[PDB]
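Structure first, commentary second.
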Amino acid sequence: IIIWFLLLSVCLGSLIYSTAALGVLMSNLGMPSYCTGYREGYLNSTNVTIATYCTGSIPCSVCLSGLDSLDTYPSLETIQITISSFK
Amino acid sequence: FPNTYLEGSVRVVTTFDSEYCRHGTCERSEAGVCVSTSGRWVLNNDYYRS
Amino acid sequence: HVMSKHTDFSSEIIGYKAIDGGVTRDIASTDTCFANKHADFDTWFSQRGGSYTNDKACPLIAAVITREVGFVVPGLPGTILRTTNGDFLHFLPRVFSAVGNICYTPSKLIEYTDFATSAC
């Protein structure tokens, strides 16, 4: 029962990896391919973050792997800190 | 942020019995009035009083 | 992804500023690591005798520019511009020459030298 679902998840992951490999081959040799639309739309878009552009969709994020984004900067964060209370 | 009545080189502030917080730093202060000769951040406590 | 160096808008830059913890601050020669996207910053820092190592876990370098470049994103200081290669850039626009790093009070804008000891 659970084994069938695990195998389905493995096959879906393998298909996603195949699409990622196709995107890598595109970035290396061109290329008119599956991942052209997402990257072409994202390059001209004003969305500095991939979360708002892809809306959390897995294939869109997979096609966009390897490109610079605002989310890659950890120094822009600011952890809220409570100062010492008293003596 | 607390209420203020003068801004610039010299500042006067008023506080209540509640904690105030700013960008990345929250602090606890008591009610009162403080006067500073410089535009530095001011709150009513022993640390700033010293 | 590996950061790259770009030289666009080099003639419009007066100086450089560092962003640490989401707040812009002045640069000192004692600092040892930065995140950089510009090549002229190497000449800017070498003339003062400084050396550094590039890493993503270090304060970003931003250039003070006299030209309105990029667009404003809420929560981020200055302006953000994206290069033709996809890399992003940061700049500090100004209206008047006597501008260092400016922070926002709820009512007015006041310059500061240190965020921890200012009305910011």
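Here are the numbers:
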| read-out | value |
| --- | --- |
| Residue within the stretch A:32-41 that is among the hydrophobic types (A, V, I, L, M, F, W, C), surrounded by 10 or more Cβ atoms within 10 Å (Cβ to Cβ) and under 25 Å from C:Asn85 (Cα atoms) present | yes |
| So C:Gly21, is it surrounded by fewer than 18 Cβ atoms within 10 Å (Cβ to Cβ), closer than 18 Å to C:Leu81 by Cβ and under 13 Å from the mean Cα position of the chain (by Cα) | no |
| From the options A:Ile83, A:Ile16, A:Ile58, A:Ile50, residue that is touching a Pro at 6+ places or on another chain (Cβ under 8 Å) and surrounded by 10 or more Cβ atoms within 10 Å (Cβ to Cβ) | A:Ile16 |
| Set C:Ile19, C:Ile13, C:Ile27, C:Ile65: member being over 25 Å from A:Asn47 (Cα atoms), aliphatic (A, V, I, L, M) and in contact with a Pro (Cβ under 9 Å, 6 or more places away or on another chain) | C:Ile27 |
| In the stretch B:17-50, residue nearest to C:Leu76 (Cα to Cα) [restricted to those that are outside any loop (DSSP other than H, G, I, E, B) and touching a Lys or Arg at 6+ places or on another chain (Cβ under 7 Å)] | B:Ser36 |
| Those residues of the stretch A:69-80 which are surrounded by 13 or more Cβ atoms within 10 Å (Cβ to Cβ) and either more than 7 Å from every other protein chain (Cβ to nearest Cβ) or in contact with a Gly (Cβ under 9 Å, 6 or more places away or on another chain) (or both), in sequence order | A:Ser69, A:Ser75, A:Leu76, A:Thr78 |
| Output for the stretch A:26-50, where each listed residue is part of a loop (DSSP other than H, G, I, E, B), under 17 Å from A:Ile16 (Cβ atoms) and free of Cβ contacts under 8 Å to residues at least 24 places away in the same chain | A:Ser33 |
| Strands (runs of 3 or more DSSP E) lying entirely in the stretch C:19-120 (those with 2 or more residues that are more than 12 Å from every other protein chain (Cβ to nearest Cβ) and not charged (D, E, K, R)) | C:60-65, C:88-92 |
| Which listed residue, of B:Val10, B:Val35, is loosely packed, with under 11 Cβ neighbours inside 10 Å, aliphatic (A, V, I, L, M) and away from chain A (no Cβ under 11 Å) | B:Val35 |
| In the stretch B:1-21, the residues that are free of Cβ contacts under 8 Å to residues at least 12 places away in the same chain and either of a type outside the set (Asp, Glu) or touching a helix residue (DSSP H, G or I) at 6+ places or on another chain (Cβ under 8 Å) (or both) | B:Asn3, B:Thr4, B:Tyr5, B:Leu6, B:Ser18, B:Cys21 |
| The stretch C:18-47: number of residues that are touching a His at 6+ places or on another chain (Cβ under 9 Å) and not β-branched (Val, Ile, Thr) | 5 |
| Residues of the stretch B:22-43 classified as of a type in the set (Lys, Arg) and either touching a residue at least 40 places away in the same chain (Cβ under 8 Å) or closer than 14 Å to C:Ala119 by Cα (or both), total | 2 |
| Pairs with Cβ under 8 Å, 6+ apart, first in the stretch C:1-18 and closer than 22 Å to A:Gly66 by Cβ and touching a residue at least 60 places away in the same chain (Cβ under 8 Å), second among the basic types (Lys, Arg) and assigned to a loop (DSSP other than H, G, I, E, B) | C:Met3/C:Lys37; C:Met3/C:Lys56; C:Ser4/C:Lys37; C:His6/C:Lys37 |
| Pairs where the first residue, in the stretch A:51-68, is within 14 Å of chain C (Cβ to nearest Cβ) and among the charged types (D, E, K, R) and the second is loosely packed, with under 12 Cβ neighbours inside 10 Å and not in a helix (DSSP H, G or I), C-beta under 9 Å, 6+ apart | A:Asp68/C:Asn85 |
| Out of C:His1, C:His90, sole residue that is surrounded by fewer than 16 Cβ atoms within 10 Å (Cβ to Cβ) and closer than 30 Å to A:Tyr42 by Cβ | C:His1 |
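When we count neighbours, we look across all protein chains shown, and the Cβ atoms used for this are built from the backbone with ideal geometry, even at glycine. Where a number appears in this text, it was derived from the coordinates with a stated rule and is not lab data.
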